[PDB]
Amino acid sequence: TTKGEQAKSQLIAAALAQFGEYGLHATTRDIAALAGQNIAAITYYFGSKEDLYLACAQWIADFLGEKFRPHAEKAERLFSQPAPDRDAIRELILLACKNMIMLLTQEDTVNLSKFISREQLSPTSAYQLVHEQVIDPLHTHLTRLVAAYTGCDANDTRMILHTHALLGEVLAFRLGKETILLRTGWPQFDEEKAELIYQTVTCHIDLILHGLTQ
């Protein structure tokens, strides 16, 4: 029901806020209160606090998966033709970064980042869920695009490292959000600022992709 799904949405949003900030020390009482609902709603729709925590991870995997589906379908169509189109590959890489950058400059997704950041340094079954469902495939596909562009071996530890280092440039603005806002004097991000970030990262990626081409 649109009413029940909306109830679950509010609870997930509130849980992300609470869990993102305090991890499992967050209470279902506070999450329910923040979501504007009875605590019974959590037990009914999700179960225990731990069940809700994992449901937040599932939501993040679903969210991220949807955001990047378009790019995956587009890559499939590219590697659907026999015709070699090397700059089309570079186009996919840059386009993924753009989408990542857009996503990572909205206050809309800050609690999703708080939740993932914590799990990154203290893995739970929650991280594993998101990793298997979305992060491993996306990171792998990205490594493969880089490998294919530069003509290297995608499974080589070195390709994996180059790609991970490369991705760090994109994530740098969300992960080091407060320091870059203070250093640039921007009170917060917006369309035009995210545009500059994109231009910066794109510059570096192009520089890196060409220097690596074997």
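Numbers follow the displayed sequence, beginning with 1.
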query: Of 73-81 and 124-132, the stretch whose C-alpha atoms average the higher B-factor in the entry; finding: 73-81
query: Between the two ranges 26-34 and 51-59, the one averaging a larger CA B factor in the entry; finding: 26-34
query: Chain third (lowest, middle, highest) by recorded CA B-factor, residue given as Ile89; finding: highest
query: Third of chain Cα B-factors occupied by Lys98; finding: highest
query: Third of the chain's Cα B-factor distribution that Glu178 belongs to, per the entry; finding: lowest
query: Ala194 - which third its CA temperature factor falls in, relative to the rest of the chain; finding: highest
query: Position of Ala165 among the chain's modelled residues by C-alpha B-factor, lowest, middle or highest third; finding: lowest
